[PDB]
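For reference, the structure discussed in these notes is given below.
Throughout, a chain's letter reflects where its sequence line sits, starting with A, and its residues are numbered from 1.
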Amino acid sequence: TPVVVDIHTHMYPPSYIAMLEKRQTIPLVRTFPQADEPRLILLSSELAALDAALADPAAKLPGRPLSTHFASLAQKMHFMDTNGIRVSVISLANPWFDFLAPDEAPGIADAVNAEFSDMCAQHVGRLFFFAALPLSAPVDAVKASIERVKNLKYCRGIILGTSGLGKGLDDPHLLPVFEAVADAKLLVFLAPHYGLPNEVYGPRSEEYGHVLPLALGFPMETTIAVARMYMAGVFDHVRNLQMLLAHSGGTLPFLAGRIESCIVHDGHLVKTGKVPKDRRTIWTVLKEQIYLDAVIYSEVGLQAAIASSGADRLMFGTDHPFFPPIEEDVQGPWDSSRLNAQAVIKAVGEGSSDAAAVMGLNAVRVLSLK
Amino acid sequence: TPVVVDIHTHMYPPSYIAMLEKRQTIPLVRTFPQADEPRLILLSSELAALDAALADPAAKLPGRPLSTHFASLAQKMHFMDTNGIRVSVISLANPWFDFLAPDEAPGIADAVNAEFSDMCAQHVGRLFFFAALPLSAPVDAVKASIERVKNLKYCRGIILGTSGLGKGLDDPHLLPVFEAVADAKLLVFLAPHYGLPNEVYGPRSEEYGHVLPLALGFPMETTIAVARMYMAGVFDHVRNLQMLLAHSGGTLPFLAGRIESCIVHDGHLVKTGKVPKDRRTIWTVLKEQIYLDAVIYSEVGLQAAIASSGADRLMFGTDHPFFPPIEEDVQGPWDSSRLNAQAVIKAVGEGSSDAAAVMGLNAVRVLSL
Ligand SMILES: [Zn+2]
Ligand SMILES: [Zn+2]
């Protein structure tokens, strides 16, 4: 029954953009008279560049262009139709709701999640979504939001950043949040955004474009976050919790053996009773509570992910619209999508049952996509 | 049986420890009557507890103990004999010479490298070494040290930290060093130490012991350093350069596909002609100028490493003495050694030519042992 499903695909809905347009501090959106597309500005390191362009428009247009590829539902359906994708499970892109004031957050989250549901209702059977949460609000407001989003048509989970409530995912205050999501049977899609402190990339990083933070920072951030969750015993505390990890777990399948070795050889952990004989290894968690997307661009990475979680726990994604072709027509097929489909083919064989599972059937089963 | 070679194994030699004992600032070594081992003090935070133990024989011993596992050649030979290792290619452990003053550095590097050669001479055919370089000194002094160490008996390469001269491996000033080492036919062993800024691990990190900095920090640092090297075109500028990467390239075999995709989809690089059609991909460099150690603890990671560089470019290592058994006899076989040996077996099969290659024959060929 080989239907193709994309579980890693993003949008900024109209209500989200309008919310950002009203903002007077980062992140925010400005509409310039020169260009046709609004400007999303996130990191303060480019607010200076805005002033330049707001004065000498000869200065480059700052930040990211809010293109049709981010904002347009019709564009999303076009991408799907021209890349052989039947179903998309869309999610709000970074920075989600993390920056909002505690009082305004639940209301804004409500309207945005409402719009995602309505967007999905436009193309019944082809669109589902992960909801984002007002994580800057009190935990009680977060729990009320979870009970709300689970009753929205076409909602199939939660997209979660690595900062959690502000102290990362090993924050003890997040445990009732994880419990609430797990009990509601919502899959948690963990996604990176904050990367690594730019200092790690050295004085020449600018010369390499965005290669270092995107290729290294994001997947390393994911690895660190899940490792922290694991070490804190989150997976043992909430046994029904299920995680989908962005970019094949970042680097987790490659480092899992090293993680295990470091645990069992850690003097502090062993001597304080933190390494009991019956402990659930990261390998066990990878097979029982973790799903991995297949956004890894090579059969090498993909094979490691499959060995770690199993072919029934890998899910095809594209990370649309983050990697458009630079020279080829953006309205034509995207090689950033094709690269991952090719990786799947090279790893498990075209037309195989494993291929059908990874390309969509795992997502249909796990997320009840009807 | 075919020779087992350990290419990833560390020591602090007597001359290195003696030098550290004379130091007044971090890093330094102090000995105590109430302790049978010298103390390695490496952090500014530890200086506080030092004066306490320096005052009271009652207070706690600061820093980490300099055990025989780090310091004794007999202990190294015992480890090899009880873990089935015929040949070790030993190297100075972090922090090497990175902290030394520019003028004092070349002299200290000379004495330490000389002692390494002499140690190897005590067990002919079983010991070779990677030399460490005085990288805090002017490049001319570094090149001089390079020409010195290549004529030392049993020297088979160079150990290099990720900081280089102090600005990472994509520092233009480091290009003459890479050229000098490559021209001298010395393999460069790249090893981590600086990890990642501790803040990335969050406020609970100490509860997890050293798991996060060791399991994540070290290999991620290696990945970042080599990625920077590659993006700067170092491998293209020095075509005869050969580098051995610690911990199976850190995470490189897993992220190589993502790196390539990010390069070809980078607007700034493509539109400035830095992505020409004839560019050597990271996959090509992984097969031509990179060797990977097999210190990866799982056949999952090892298979990814083998797929990336080939079975003829993987080399067994133990990272001795960094992961001793915590409960089991430290004088018996090390779990941290056998995990990697088992990983080789489960990946390529026991008794296979690939197993013999990874376990030592690659190192014999590449390092002329
Ligand atoms: Zn994404
Ligand atoms: Zn090491």
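Although no hydrogens or angles enter the test, the distance criterion places no donor-acceptor pair under 3.5 Å between the side chain of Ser337(B) and the main chain of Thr318(B). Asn83(B) places no side-chain N or O within 3.5 Å of a backbone atom of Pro333(B) that could act as its donor or acceptor partner. Between the side chain of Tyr201(A) and the backbone N or O of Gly217(A), at least one donor-acceptor pair lies under 3.5 Å. Between the side chain of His265(B) and the main chain of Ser261(B), a donor-acceptor pair closer than 3.5 Å is present. Side-chain N or O atoms of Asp118(B) include none that pairs as donor or acceptor with a backbone N or O of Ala114(B) at under 3.5 Å. The main-chain N or O of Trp96(B) is never found under 3.5 Å from a side-chain atom of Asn94(B) such that the two would form a donor-acceptor pair.
Counting heavy atoms from C-beta on, the side chains of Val366(B) and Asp312(B) never come closer than 4.5 Å. With contacts defined as side-chain heavy-atom distances shorter than 4.5 Å, the pair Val87(B)/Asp6(B) does not qualify. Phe218(B) has its side chain within reach of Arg258(A): a pair of non-hydrogen atoms, C-beta onward, lies under 4.5 Å apart. Residues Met11(B) and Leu73(B) meet the side-chain proximity criterion, which asks for heavy atoms closer than 4.5 Å. Looking at heavy atoms from C-beta onward, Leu252(B) lies out of side-chain contact with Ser308(B) at the 4.5 angstrom threshold. Side-chain contact between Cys155(B) and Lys150(B): absent, with no pair of heavy atoms (C-beta onward) separated by less than 4.5 Å. No side-chain heavy atom of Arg86(B) sits less than 4.5 Å from a side-chain heavy atom of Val364(B). Inter-residue side-chain proximity for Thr25(B) and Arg23(B) is flagged as met; some heavy-atom pair is nearer than 4.5 Å.
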Would you please test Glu179(B) and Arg239(B) for salt bridge (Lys or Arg N to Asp or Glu O under 4.0 Å) and show each step? CA-CA 9 Å; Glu179(B) 285 164 337; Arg239(B) 284 296 286 271; over 6 Å; no
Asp170(B) and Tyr208(A): CA distance, side-chain angles, deciding distance, side-chain hydrogen bond (donor to acceptor under 3.5 Å, both in side chains) verdict: CA-CA 11 Å; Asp170(B) 55 359; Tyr208(A) 319 138; 2.7 Å; yes
Side chain to side chain contact (heavy atoms under 4.5 Å, CB included) between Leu269(B) and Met231(B): does it pass, once the steps are laid out? CA-CA 10 Å; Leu269(B) 291 175; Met231(B) 293 306 296; 3.6 Å; yes
Pair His193(B)-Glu221(B), side-chain hydrogen bond (donor to acceptor under 3.5 Å, both in side chains): steps then yes or no: CA-CA 8 Å; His193(B) 160 250; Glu221(B) 172 194 6; 5.8 Å; no
Please walk me through it: do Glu104(B) and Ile108(B) pass side chain to side chain contact (heavy atoms under 4.5 Å, CB included)? CA-CA 7 Å; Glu104(B) 76 170 339; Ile108(B) 294 163; 3.8 Å; yes
For the pair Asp98(B) and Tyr194(B), evaluate side-chain hydrogen bond (donor to acceptor under 3.5 Å, both in side chains) and give the outcome as yes or no after the intermediate values. CA-CA 11 Å; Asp98(B) 297 340; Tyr194(B) 298 94; 3.0 Å; yes
What do the steps show when you test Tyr297(B) against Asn340(B) for side chain to side chain contact (heavy atoms under 4.5 Å, CB included), and what is the final call? CA-CA 5 Å; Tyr297(B) 307 99; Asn340(B) 291 317; 3.8 Å; yes
Could you check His69(B) against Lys76(B) for side-chain hydrogen bond (donor to acceptor under 3.5 Å, both in side chains), going step by step and ending with a plain yes or no? CA-CA 7 Å; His69(B) 312 291; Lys76(B) 181 70 70 174; over 6 Å; no
Walk me through it: do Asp293(B) and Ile7(B) pass the test side chain to side chain contact (heavy atoms under 4.5 Å, CB included)? CA-CA 8 Å; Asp293(B) 82 15; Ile7(B) 46 81; 3.6 Å; yes
Show, in sequence, the C-alpha distance, side-chain angles and deciding distance for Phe178(B) and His237(B), and conclude whether the ring-ring contact (aromatic ring centres under 6.0 Å, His included) test is met. CA-CA 10 Å; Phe178(B) 280 130; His237(B) 189 90; over 10 Å; no
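The minimum heavy-atom distance between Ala256(B) and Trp283(B), with the atom names listed, is CB-CH2, 3.5 Å. For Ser298(A) against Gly257(B), the heavy-atom pair with the smallest separation is CB-CA, 4.0 Å. Residue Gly250(A) comes nearest to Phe254(B) through the heavy atom pair O-CE2, 3.1 Å, listed as atom of the first residue, atom of the second, then distance. Residues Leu100(B) and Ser136(B) share a closest heavy-atom pair of O-OG, 2.7 Å. Closest of all the heavy-atom pairs between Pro197(A) and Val200(B) is CD-CG1, 3.5 Å. Minimum interatomic distance between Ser44(B) and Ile26(B) (heavy atoms only, all atoms of both residues): N-CG1, 4.2 Å.
Note on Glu207(A) versus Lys274(B): no salt bridge recorded, every NZ/NE/NH1/NH2 to OD/OE distance being 4.0 Å or above.
No more than 12 heavy atoms of other residues, nucleotides or ligands lie within 6.0 Å of CD in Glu350(B), so this atom counts as exposed by the packing criterion. Within 6.0 Å of NE2 in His268(B) there are more than 12 heavy atoms belonging to other residues, nucleotides or ligands. For CZ of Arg30(B), the number of neighbouring non-hydrogen atoms (other residues, nucleotides, ligands) closer than 6.0 Å is greater than 12. Within a 6.0 Å radius of NE2 in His173(B), no more than 12 heavy atoms belonging to other residues, nucleotides or ligands are found. Within a 6.0 Å sphere centred on CD of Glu206(A), heavy atoms belonging to other residues, nucleotides or ligands number 12 at most. Counting heavy atoms of neighbouring residues, nucleotides and ligands inside a 6.0 Å radius, atom CZ of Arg204(A) exceeds 12 of them. Around the NZ atom of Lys143(B), the shell of radius 6.0 Å holds no more than 12 heavy atoms that belong to other residues, nucleotides or ligands.
Expressed to the nearest 0.5 Å, how far CG of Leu255(A) lies from CD1 of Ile296(B) amounts to 6.0 Å. Atoms OG and CE, on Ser248(B) and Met315(B) in that order, are 12.0 Å from each other to the nearest 0.5 Å.
Shown are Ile224(A), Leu212(A), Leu216(A); of these, the side-chain contact (heavy atoms from CB on, under 4.5 Å) with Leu196(A) is made only by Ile224(A). Between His10(B) and the options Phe322(B), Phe116(B), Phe130(B), a ring pair (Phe, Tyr, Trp, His ring centres under 6.0 Å) holds for only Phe322(B).
No hydrogens or angles considered: a donor-acceptor pair under 3.5 Å links the side chains of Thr223(A) and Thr251(A). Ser15(B) and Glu115(B) share a donor-acceptor pair across their side chains, judged by distance under 3.5 Å alone. Defined by atom type and a distance below 3.5 Å, a donor-acceptor pair is present between the side-chain atoms of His247(B) and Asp319(B). In the model, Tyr230(B) has no side-chain atom that pairs as donor or acceptor with a side-chain atom of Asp236(B) under 3.5 Å.
Ring-centre distance between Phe79(B) and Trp334(B): below the 6.0 Å cut-off. Ring pair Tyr12(B)/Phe70(B): centre-to-centre distance below 6.0 Å.
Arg313(B) forms a cation-pi arrangement with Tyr291(B), by the criterion of a distance under 6.0 Å to the ring centre and an angle within 45° of the ring axis.
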